[PDB]
$ cat my_file20.txt   # compact mmCIF, C-alpha atoms and all ligand atoms
# COMPACT_ATOMS: atom_id res chain seq x y z
CA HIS A 4 -68.00 77.41 -72.98
CA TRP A 5 -68.19 79.55 -69.79
CA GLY A 6 -65.20 79.57 -67.43
CA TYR A 7 -63.04 81.99 -65.47
CA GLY A 8 -60.60 83.29 -68.07
CA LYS A 9 -60.36 86.56 -69.93
CA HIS A 10 -62.61 85.47 -72.82
CA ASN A 11 -65.21 83.27 -71.10
CA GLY A 12 -65.11 84.52 -67.50
CA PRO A 13 -67.69 86.27 -65.25
CA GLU A 14 -67.92 89.44 -67.37
CA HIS A 15 -68.95 87.27 -70.37
CA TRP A 16 -71.54 85.09 -68.66
CA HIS A 17 -74.49 87.39 -69.30
CA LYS A 18 -74.49 86.51 -73.03
CA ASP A 19 -75.36 82.83 -72.47
CA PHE A 20 -77.15 83.55 -69.15
CA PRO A 21 -78.80 86.98 -69.12
CA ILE A 22 -79.91 86.46 -65.58
CA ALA A 23 -76.35 87.30 -64.78
CA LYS A 24 -77.55 90.95 -64.74
CA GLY A 25 -80.71 90.04 -62.79
CA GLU A 26 -82.15 91.32 -59.55
CA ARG A 27 -80.91 88.67 -57.10
CA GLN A 28 -77.39 87.71 -58.18
CA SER A 29 -74.57 86.36 -55.96
CA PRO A 30 -72.02 86.78 -54.53
CA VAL A 31 -72.11 90.20 -52.98
CA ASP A 32 -70.02 92.36 -50.70
CA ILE A 33 -71.21 92.22 -47.11
CA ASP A 34 -70.77 95.74 -45.84
CA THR A 35 -70.95 95.58 -42.10
CA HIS A 36 -72.12 99.21 -41.90
CA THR A 37 -75.28 98.53 -43.91
CA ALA A 38 -76.17 94.91 -43.12
CA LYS A 39 -79.24 95.08 -40.88
CA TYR A 40 -79.46 93.25 -37.55
CA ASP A 41 -82.78 91.44 -37.50
CA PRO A 42 -83.95 90.18 -34.10
CA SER A 43 -86.54 87.87 -35.74
CA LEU A 44 -83.73 85.80 -37.23
CA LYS A 45 -83.70 82.36 -35.55
CA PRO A 46 -80.52 80.46 -34.74
CA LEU A 47 -79.22 78.22 -37.52
CA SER A 48 -79.56 74.47 -37.09
CA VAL A 49 -76.77 72.51 -38.75
CA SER A 50 -77.50 68.81 -38.22
CA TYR A 51 -74.78 66.90 -40.01
CA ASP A 52 -74.29 63.93 -37.67
CA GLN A 53 -75.92 61.41 -40.07
CA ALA A 54 -74.04 62.72 -43.15
CA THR A 55 -73.20 60.13 -45.78
CA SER A 56 -70.51 61.26 -48.23
CA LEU A 57 -70.19 59.34 -51.50
CA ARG A 58 -67.53 60.75 -53.75
CA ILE A 59 -65.48 63.71 -54.86
CA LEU A 60 -65.76 65.04 -58.42
CA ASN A 61 -63.76 67.47 -60.59
CA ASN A 62 -66.60 69.04 -62.62
CA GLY A 63 -64.29 71.36 -64.52
CA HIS A 64 -64.84 74.43 -62.37
CA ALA A 65 -64.50 73.12 -58.83
CA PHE A 66 -64.32 69.87 -56.91
CA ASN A 67 -67.62 68.73 -55.38
CA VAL A 68 -67.94 66.37 -52.41
CA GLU A 69 -71.31 64.72 -53.05
CA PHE A 70 -73.65 63.26 -50.44
CA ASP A 71 -76.52 60.80 -50.20
CA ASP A 72 -79.54 63.07 -50.25
CA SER A 73 -81.98 60.19 -50.79
CA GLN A 74 -83.29 60.68 -47.27
CA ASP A 75 -82.83 63.19 -44.44
CA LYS A 76 -79.26 62.76 -43.22
CA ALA A 77 -77.15 65.95 -43.22
CA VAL A 78 -79.65 68.82 -43.17
CA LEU A 79 -79.95 72.55 -42.60
CA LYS A 80 -82.94 73.92 -40.63
CA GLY A 81 -83.95 77.08 -38.83
CA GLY A 82 -82.19 80.38 -39.39
CA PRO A 83 -84.06 82.16 -42.20
CA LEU A 84 -85.33 78.83 -43.62
CA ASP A 85 -88.97 77.68 -43.63
CA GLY A 86 -88.25 73.95 -43.62
CA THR A 87 -85.63 71.28 -44.00
CA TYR A 88 -82.87 71.42 -46.63
CA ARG A 89 -80.75 68.36 -47.52
CA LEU A 90 -77.02 68.58 -48.13
CA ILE A 91 -76.26 67.39 -51.69
CA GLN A 92 -72.69 68.64 -52.11
CA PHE A 93 -70.05 71.06 -50.94
CA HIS A 94 -67.27 72.75 -52.86
CA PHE A 95 -64.86 75.65 -52.61
CA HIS A 96 -63.74 78.71 -54.54
CA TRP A 97 -60.09 79.80 -54.30
CA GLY A 98 -57.44 82.10 -55.69
CA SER A 99 -54.15 81.91 -57.55
CA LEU A 100 -52.64 83.37 -54.43
CA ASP A 101 -53.69 83.69 -50.76
CA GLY A 102 -54.88 87.31 -51.04
CA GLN A 103 -57.94 86.37 -53.08
CA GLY A 104 -60.31 83.47 -53.65
CA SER A 105 -63.56 84.13 -51.83
CA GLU A 106 -66.72 85.07 -53.67
CA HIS A 107 -68.39 86.99 -50.89
CA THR A 108 -66.29 89.72 -49.30
CA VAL A 109 -66.66 91.51 -45.95
CA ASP A 110 -66.08 95.28 -46.10
CA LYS A 111 -64.32 94.43 -49.37
CA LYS A 112 -61.92 92.02 -47.67
CA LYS A 113 -61.23 88.92 -49.77
CA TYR A 114 -60.43 85.62 -48.03
CA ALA A 115 -58.16 82.94 -49.47
CA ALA A 116 -61.12 80.68 -50.19
CA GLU A 117 -64.85 80.16 -49.56
CA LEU A 118 -66.67 76.93 -48.74
CA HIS A 119 -70.19 76.41 -50.09
CA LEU A 120 -72.37 73.73 -48.57
CA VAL A 121 -75.31 73.34 -50.96
CA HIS A 122 -78.71 72.16 -49.75
CA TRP A 123 -82.11 71.76 -51.38
CA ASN A 124 -85.57 72.25 -49.97
CA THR A 125 -87.39 68.95 -49.31
CA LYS A 127 -90.64 70.75 -50.16
CA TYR A 128 -89.57 69.97 -53.75
CA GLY A 129 -88.85 66.65 -55.37
CA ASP A 130 -85.09 66.85 -55.83
CA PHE A 131 -82.24 69.26 -56.60
CA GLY A 132 -83.22 69.57 -60.25
CA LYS A 133 -86.72 70.60 -59.27
CA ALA A 134 -85.58 72.84 -56.44
CA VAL A 135 -83.30 75.11 -58.54
CA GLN A 136 -86.44 76.21 -60.43
CA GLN A 137 -87.89 77.70 -57.22
CA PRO A 138 -86.97 80.94 -55.46
CA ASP A 139 -86.72 79.06 -52.13
CA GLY A 140 -85.28 75.91 -53.62
CA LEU A 141 -81.77 76.05 -52.22
CA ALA A 142 -79.92 77.09 -49.08
CA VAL A 143 -76.16 77.58 -49.40
CA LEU A 144 -74.11 77.87 -46.23
CA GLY A 145 -71.04 79.97 -47.02
CA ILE A 146 -67.91 79.72 -44.82
CA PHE A 147 -64.77 81.79 -45.29
CA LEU A 148 -61.33 80.24 -45.24
CA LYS A 149 -58.55 82.29 -43.63
CA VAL A 150 -54.93 81.10 -43.71
CA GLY A 151 -53.45 80.06 -40.44
CA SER A 152 -53.58 76.91 -38.36
CA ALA A 153 -54.64 73.80 -40.27
CA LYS A 154 -58.22 72.55 -40.16
CA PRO A 155 -57.85 68.90 -39.31
CA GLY A 156 -61.22 67.98 -40.77
CA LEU A 157 -60.10 69.30 -44.16
CA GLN A 158 -57.09 67.03 -44.50
CA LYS A 159 -58.98 64.07 -45.98
CA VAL A 160 -60.27 66.39 -48.71
CA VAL A 161 -56.95 67.93 -49.69
CA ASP A 162 -55.16 64.55 -49.53
CA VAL A 163 -57.37 63.00 -52.25
CA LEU A 164 -57.31 65.86 -54.80
CA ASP A 165 -54.36 64.52 -56.79
CA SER A 166 -56.57 61.64 -57.91
CA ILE A 167 -59.02 64.00 -59.67
CA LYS A 168 -56.76 66.56 -61.31
CA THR A 169 -58.28 65.76 -64.72
CA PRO A 170 -61.67 67.35 -65.35
CA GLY A 171 -64.56 64.88 -65.05
CA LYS A 172 -62.68 62.41 -62.86
CA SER A 173 -64.08 61.36 -59.51
CA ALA A 174 -62.95 59.21 -56.57
CA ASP A 175 -64.83 57.30 -53.89
CA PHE A 176 -65.14 59.49 -50.82
CA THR A 177 -67.16 57.73 -48.18
CA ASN A 178 -67.11 58.48 -44.46
CA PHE A 179 -66.18 62.11 -44.66
CA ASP A 180 -67.76 64.14 -41.89
CA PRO A 181 -68.59 67.75 -42.84
CA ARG A 182 -68.92 68.73 -39.17
CA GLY A 183 -65.12 69.04 -39.26
CA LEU A 184 -65.41 72.05 -41.57
CA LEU A 185 -67.53 74.25 -39.28
CA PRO A 186 -66.43 77.13 -37.06
CA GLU A 187 -67.54 77.54 -33.43
CA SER A 188 -70.04 80.33 -34.01
CA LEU A 189 -73.14 80.09 -36.21
CA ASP A 190 -73.66 83.87 -36.28
CA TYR A 191 -74.65 84.66 -39.89
CA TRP A 192 -75.61 87.10 -42.57
CA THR A 193 -78.43 86.17 -44.95
CA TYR A 194 -79.93 87.48 -48.21
CA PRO A 195 -81.82 86.18 -51.25
CA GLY A 196 -79.53 85.39 -54.15
CA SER A 197 -78.35 82.95 -56.78
CA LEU A 198 -76.04 80.18 -57.81
CA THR A 199 -72.66 81.80 -58.36
CA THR A 200 -71.99 79.62 -61.43
CA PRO A 201 -74.08 79.29 -64.59
CA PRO A 202 -76.97 78.81 -64.85
CA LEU A 203 -76.92 81.54 -62.09
CA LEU A 204 -80.48 80.65 -61.09
CA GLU A 205 -82.05 82.86 -58.48
CA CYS A 206 -83.07 80.02 -56.22
CA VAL A 207 -80.78 80.45 -53.21
CA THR A 208 -81.22 81.64 -49.63
CA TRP A 209 -77.64 82.54 -48.74
CA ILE A 210 -76.39 82.04 -45.22
CA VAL A 211 -72.83 83.35 -44.79
CA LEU A 212 -71.10 82.68 -41.46
CA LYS A 213 -69.34 85.58 -39.71
CA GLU A 214 -66.56 83.35 -38.35
CA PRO A 215 -64.06 81.96 -40.83
CA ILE A 216 -62.33 78.63 -40.40
CA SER A 217 -58.57 78.60 -40.38
CA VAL A 218 -56.77 76.41 -42.87
CA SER A 219 -53.04 76.24 -43.38
CA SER A 220 -51.08 77.54 -46.31
CA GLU A 221 -50.14 73.91 -46.91
CA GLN A 222 -53.82 72.98 -47.24
CA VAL A 223 -54.93 75.78 -49.61
CA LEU A 224 -51.88 75.10 -51.84
CA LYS A 225 -53.36 71.68 -52.50
CA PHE A 226 -56.57 73.18 -53.89
CA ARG A 227 -54.49 74.64 -56.73
CA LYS A 228 -53.40 71.37 -58.30
CA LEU A 229 -56.53 70.50 -60.31
CA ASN A 230 -57.05 71.41 -63.97
CA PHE A 231 -59.91 73.36 -65.61
CA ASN A 232 -61.68 71.46 -68.43
CA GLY A 233 -59.28 70.63 -71.21
CA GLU A 234 -56.40 68.16 -70.99
CA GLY A 235 -53.30 69.29 -72.85
CA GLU A 236 -50.83 69.37 -74.22
CA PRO A 237 -49.97 72.14 -71.71
CA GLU A 238 -53.41 73.28 -70.46
CA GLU A 239 -54.87 75.20 -67.54
CA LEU A 240 -54.91 74.81 -63.77
CA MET A 241 -57.94 75.50 -61.70
CA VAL A 242 -57.33 78.75 -59.81
CA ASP A 243 -59.32 81.95 -59.38
CA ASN A 244 -62.60 80.10 -59.85
CA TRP A 245 -64.49 82.86 -58.09
CA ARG A 246 -67.18 85.21 -59.36
CA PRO A 247 -66.57 88.78 -58.16
CA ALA A 248 -69.09 90.57 -55.94
CA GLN A 249 -72.29 91.61 -57.77
CA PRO A 250 -74.48 94.64 -56.93
CA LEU A 251 -76.93 94.16 -54.08
CA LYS A 252 -79.53 96.16 -56.00
CA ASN A 253 -82.98 96.21 -54.35
CA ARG A 254 -82.07 93.76 -51.54
CA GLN A 255 -81.04 93.90 -47.90
CA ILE A 256 -78.52 91.77 -46.12
CA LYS A 257 -79.77 90.82 -42.68
CA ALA A 258 -77.60 89.78 -39.76
CA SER A 259 -78.38 87.42 -36.91
CA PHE A 260 -76.01 89.52 -34.72
CA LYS A 261 -74.90 93.15 -34.17
ZN ZN A 301 -69.89 77.87 -54.93
$ encode --input "my_file20.txt" --output "structure tokens"
Amino acid sequence: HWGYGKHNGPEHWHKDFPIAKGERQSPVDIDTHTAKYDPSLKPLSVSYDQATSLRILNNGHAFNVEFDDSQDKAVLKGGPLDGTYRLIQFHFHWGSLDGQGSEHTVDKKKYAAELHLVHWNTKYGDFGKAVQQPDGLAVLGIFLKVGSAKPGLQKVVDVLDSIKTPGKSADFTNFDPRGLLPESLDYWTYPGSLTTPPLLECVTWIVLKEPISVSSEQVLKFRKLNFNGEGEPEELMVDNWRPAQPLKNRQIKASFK
């Protein structure tokens, strides 16, 4: 029943998922005046060279590019993390226009979209098991700013027409997620949650300071999928972002000043 509209959107989620008003919810606003530089924060290791993509799925609230996580292939290590986390999928959040779309904000600035690369801790058995743990997941968050095109995104935006209908998927092998990464791995980090129901508080967030540039042409293509439903004249998938939640009793640490 949950979604992003007036009657089932983010301000309604707490009824089905009370944890929506919990102590470690995401996203948040990253205020650069109060994020704390932490010299003990290690550089992030993003080792995606062996990535094996499988398919792309419209799950009714985003499109997910899913990966073979049956063995160590594309993994996240280092940074604030205690071990190895396997990439299982990435997806985006975006707006109904370019001025909004991101879930995290920086000094209240909204970006046109936000990329989430979702990884689970190989200390646990699988993704299902990991989301039940406070250190189960690591999500690498990357802002999308409109400008020059990101060439590594083109394969993704080109295939979206094939999965406009909720639930549909398409084969999506040999996509390399290294083509979605900015130059710098400077990051903010804090303990948080999934930003969609069930909103489980199982995520170490790592949000990159540097956005990637994508073109207006590219982000337009995100806006062609539908939210679950079919017709006769139903609803396109835009503004699938949760607004910033209160930081509460947490601290956002930065790997940089
Ligand atoms: Zn997300």
$ atom_distance --input "my_file20.txt" --atom1 "atom CA of residue A:139" --atom2 "atom CA of residue A:178"
29.4 Å
$ closest_residue --input "my_file20.txt" --among "A:119, A:15, A:154, A:111" --to "ligand ZN 301 (chain A)" --atoms "only C-alpha atoms and all ligand atoms"
A:119
$ residues_around --input "my_file20.txt" --residues "residue A:183" --least-positions-apart "4" --cutoff "10 Å" --atoms "all atoms listed in the file" --output "list in words"
residues 51, 154, 155, 156, 157, 158 and 179 of chain A
$ residues_near_ligand --input "my_file20.txt" --ligand "ligand ZN 301 (chain A)" --cutoff "7 Å" --atoms "all atoms listed in the file" --output "list in words"
residues 94, 95, 96, 119 and 199 of chain A
$ residues_near_point --input "my_file20.txt" --point "(-67.1, 88.0, -57.2)" --cutoff "8 Å" --atoms "all atoms listed in the file" --output "list in words"
residues 29, 30, 31, 105, 106, 107, 245, 246, 247, 248 and 249 of chain A
$ residues_near_point --input "my_file20.txt" --point "(-68.2, 84.3, -66.8)" --cutoff "12 Å" --atoms "all atoms listed in the file" --output "PDB file with C-alpha atoms, in the frame of the given file"
ATOM      1  CA  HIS A   4     -68.000  77.410 -72.980  1.00  0.00           C
ATOM      2  CA  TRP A   5     -68.190  79.550 -69.790  1.00  0.00           C
ATOM      3  CA  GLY A   6     -65.200  79.570 -67.430  1.00  0.00           C
ATOM      4  CA  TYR A   7     -63.040  81.990 -65.470  1.00  0.00           C
ATOM      5  CA  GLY A   8     -60.600  83.290 -68.070  1.00  0.00           C
ATOM      6  CA  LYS A   9     -60.360  86.560 -69.930  1.00  0.00           C
ATOM      7  CA  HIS A  10     -62.610  85.470 -72.820  1.00  0.00           C
ATOM      8  CA  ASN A  11     -65.210  83.270 -71.100  1.00  0.00           C
ATOM      9  CA  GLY A  12     -65.110  84.520 -67.500  1.00  0.00           C
ATOM     10  CA  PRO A  13     -67.690  86.270 -65.250  1.00  0.00           C
ATOM     11  CA  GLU A  14     -67.920  89.440 -67.370  1.00  0.00           C
ATOM     12  CA  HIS A  15     -68.950  87.270 -70.370  1.00  0.00           C
ATOM     13  CA  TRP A  16     -71.540  85.090 -68.660  1.00  0.00           C
ATOM     14  CA  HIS A  17     -74.490  87.390 -69.300  1.00  0.00           C
ATOM     15  CA  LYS A  18     -74.490  86.510 -73.030  1.00  0.00           C
ATOM     16  CA  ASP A  19     -75.360  82.830 -72.470  1.00  0.00           C
ATOM     17  CA  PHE A  20     -77.150  83.550 -69.150  1.00  0.00           C
ATOM     18  CA  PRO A  21     -78.800  86.980 -69.120  1.00  0.00           C
ATOM     19  CA  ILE A  22     -79.910  86.460 -65.580  1.00  0.00           C
ATOM     20  CA  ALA A  23     -76.350  87.300 -64.780  1.00  0.00           C
ATOM     21  CA  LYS A  24     -77.550  90.950 -64.740  1.00  0.00           C
ATOM     22  CA  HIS A  64     -64.840  74.430 -62.370  1.00  0.00           C
ATOM     23  CA  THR A 199     -72.660  81.800 -58.360  1.00  0.00           C
ATOM     24  CA  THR A 200     -71.990  79.620 -61.430  1.00  0.00           C
ATOM     25  CA  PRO A 201     -74.080  79.290 -64.590  1.00  0.00           C
ATOM     26  CA  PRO A 202     -76.970  78.810 -64.850  1.00  0.00           C
ATOM     27  CA  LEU A 203     -76.920  81.540 -62.090  1.00  0.00           C
ATOM     28  CA  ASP A 243     -59.320  81.950 -59.380  1.00  0.00           C
ATOM     29  CA  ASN A 244     -62.600  80.100 -59.850  1.00  0.00           C
ATOM     30  CA  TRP A 245     -64.490  82.860 -58.090  1.00  0.00           C
ATOM     31  CA  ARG A 246     -67.180  85.210 -59.360  1.00  0.00           C
ATOM     32  CA  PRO A 247     -66.570  88.780 -58.160  1.00  0.00           C
TER      33      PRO A 247
END
$ atom_distance --input "my_file20.txt" --atom1 "atom CA of residue A:176" --atom2 "atom CA of residue A:69"
8.4 Å
$ closest_residue --input "my_file20.txt" --among "A:253, A:142, A:186, A:84" --to "residue A:212" --atoms "only C-alpha atoms"
A:186
$ closest_residue --input "my_file20.txt" --among "A:167, A:204, A:115, A:109" --to "residue A:192" --atoms "only C-alpha atoms"
A:109
$ residues_around --input "my_file20.txt" --residues "residue A:70" --least-positions-apart "6" --cutoff "6 Å" --atoms "all atoms listed in the file" --output "short mmCIF file (atom, residue, chain, number, x, y, z; two decimals) with C-alpha atoms, keeping the file's coordinate frame"
data_model
loop_
_atom_site.label_atom_id
_atom_site.label_comp_id
_atom_site.auth_asym_id
_atom_site.auth_seq_id
_atom_site.Cartn_x
_atom_site.Cartn_y
_atom_site.Cartn_z
CA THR A 55 -73.20 60.13 -45.78
CA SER A 56 -70.51 61.26 -48.23
CA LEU A 57 -70.19 59.34 -51.50
CA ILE A 91 -76.26 67.39 -51.69
CA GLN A 92 -72.69 68.64 -52.11
#
$ closest_residue --input "my_file20.txt" --among "A:184, A:207, A:113, A:170" --to "residue A:153" --atoms "only C-alpha atoms"
A:184
$ axis_aligned_box --input "my_file20.txt" --around "stretch 186-191 of chain A" --padding-each-side "4 Å" --output "AutoDock Vina command-line options"
--center_x -70.5 --center_y 80.9 --center_z -36.7 --size_x 16.2 --size_y 15.5 --size_z 14.5
$ residues_around --input "my_file20.txt" --residues "residue A:161" --least-positions-apart "4" --cutoff "7 Å" --atoms "only C-alpha atoms" --output "MDAnalysis selection string"
chainID A and resid 157 222 225:226
$ atom_distance --input "my_file20.txt" --atom1 "atom CA of residue A:61" --atom2 "atom CA of residue A:130"
21.9 Å
$ build_atoms --input "my_file20.txt" --residues "stretch 175-209 of chain A" --atoms "N, CA and C atoms" --output "CSV table (one decimal), in the frame of the given file"
chain,number,residue,atom,x,y,z
A,175,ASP,N,-64.0,57.7,-55.0
A,175,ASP,CA,-64.8,57.3,-53.9
A,175,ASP,C,-64.4,58.2,-52.7
A,176,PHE,N,-65.4,58.6,-51.9
A,176,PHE,CA,-65.1,59.5,-50.8
A,176,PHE,C,-66.2,59.3,-49.8
A,177,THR,N,-66.2,58.1,-49.2
A,177,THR,CA,-67.2,57.7,-48.2
A,177,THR,C,-66.6,58.1,-46.8
A,178,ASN,N,-67.5,58.2,-45.8
A,178,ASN,CA,-67.1,58.5,-44.5
A,178,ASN,C,-66.3,59.7,-44.3
A,179,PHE,N,-66.6,60.8,-45.0
A,179,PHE,CA,-66.2,62.1,-44.7
A,179,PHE,C,-67.3,62.8,-43.9
A,180,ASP,N,-66.9,63.4,-42.8
A,180,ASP,CA,-67.8,64.1,-41.9
A,180,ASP,C,-67.7,65.7,-42.0
A,181,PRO,N,-68.7,66.3,-42.6
A,181,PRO,CA,-68.6,67.8,-42.8
A,181,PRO,C,-68.7,68.6,-41.5
A,182,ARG,N,-68.9,68.0,-40.4
A,182,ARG,CA,-68.9,68.7,-39.2
A,182,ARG,C,-67.5,69.3,-38.9
A,183,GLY,N,-66.5,68.6,-39.5
A,183,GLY,CA,-65.1,69.0,-39.3
A,183,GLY,C,-64.7,70.3,-40.1
A,184,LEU,N,-65.7,70.8,-40.8
A,184,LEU,CA,-65.4,72.0,-41.6
A,184,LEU,C,-66.1,73.3,-41.0
A,185,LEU,N,-66.7,73.2,-39.8
A,185,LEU,CA,-67.5,74.2,-39.3
A,185,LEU,C,-66.8,75.0,-38.2
A,186,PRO,N,-67.0,76.3,-38.2
A,186,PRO,CA,-66.4,77.1,-37.1
A,186,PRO,C,-67.3,77.0,-35.8
A,187,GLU,N,-66.8,77.6,-34.7
A,187,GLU,CA,-67.5,77.5,-33.4
A,187,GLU,C,-68.9,78.3,-33.5
A,188,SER,N,-68.8,79.5,-34.0
A,188,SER,CA,-70.0,80.3,-34.0
A,188,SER,C,-70.9,80.1,-35.2
A,189,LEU,N,-72.2,80.1,-35.1
A,189,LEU,CA,-73.1,80.1,-36.2
A,189,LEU,C,-73.8,81.4,-36.4
A,190,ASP,N,-73.2,82.5,-35.9
A,190,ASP,CA,-73.7,83.9,-36.3
A,190,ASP,C,-73.6,84.0,-37.8
A,191,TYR,N,-74.6,84.6,-38.4
A,191,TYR,CA,-74.6,84.7,-39.9
A,191,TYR,C,-75.3,85.9,-40.5
A,192,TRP,N,-74.9,86.2,-41.7
A,192,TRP,CA,-75.6,87.1,-42.6
A,192,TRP,C,-76.5,86.3,-43.5
A,193,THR,N,-77.6,86.8,-44.0
A,193,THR,CA,-78.4,86.2,-45.0
A,193,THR,C,-79.1,87.2,-45.9
A,194,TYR,N,-79.3,86.7,-47.2
A,194,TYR,CA,-79.9,87.5,-48.2
A,194,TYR,C,-80.4,86.5,-49.3
A,195,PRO,N,-81.4,87.0,-50.1
A,195,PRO,CA,-81.8,86.2,-51.2
A,195,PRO,C,-80.9,86.4,-52.5
A,196,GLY,N,-80.4,85.3,-53.0
A,196,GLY,CA,-79.5,85.4,-54.2
A,196,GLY,C,-79.6,84.2,-55.1
A,197,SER,N,-78.4,83.9,-55.7
A,197,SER,CA,-78.4,83.0,-56.8
A,197,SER,C,-77.2,81.9,-56.7
A,198,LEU,N,-77.3,80.9,-57.5
A,198,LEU,CA,-76.0,80.2,-57.8
A,198,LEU,C,-75.0,81.2,-58.3
A,199,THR,N,-73.7,80.9,-57.9
A,199,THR,CA,-72.7,81.8,-58.4
A,199,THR,C,-72.0,81.3,-59.6
A,200,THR,N,-72.4,80.1,-60.1
A,200,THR,CA,-72.0,79.6,-61.4
A,200,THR,C,-73.2,79.5,-62.4
A,201,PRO,N,-73.0,79.6,-63.7
A,201,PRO,CA,-74.1,79.3,-64.6
A,201,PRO,C,-74.7,78.0,-64.2
A,202,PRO,N,-76.0,77.9,-64.2
A,202,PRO,CA,-77.0,78.8,-64.8
A,202,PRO,C,-77.4,80.0,-64.0
A,203,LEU,N,-76.7,80.3,-62.9
A,203,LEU,CA,-76.9,81.5,-62.1
A,203,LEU,C,-78.4,81.7,-61.6
A,204,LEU,N,-79.1,80.6,-61.4
A,204,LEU,CA,-80.5,80.6,-61.1
A,204,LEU,C,-80.7,81.3,-59.7
A,205,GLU,N,-81.8,82.1,-59.7
A,205,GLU,CA,-82.0,82.9,-58.5
A,205,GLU,C,-83.0,82.1,-57.6
A,206,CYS,N,-82.4,81.1,-57.0
A,206,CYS,CA,-83.1,80.0,-56.2
A,206,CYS,C,-82.5,79.8,-54.8
A,207,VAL,N,-81.6,80.7,-54.4
A,207,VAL,CA,-80.8,80.4,-53.2
A,207,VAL,C,-81.1,81.4,-52.0
A,208,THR,N,-81.3,80.9,-50.9
A,208,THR,CA,-81.2,81.6,-49.6
A,208,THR,C,-79.8,81.5,-49.2
A,209,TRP,N,-79.0,82.6,-49.2
A,209,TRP,CA,-77.6,82.5,-48.7
A,209,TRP,C,-77.6,82.7,-47.2
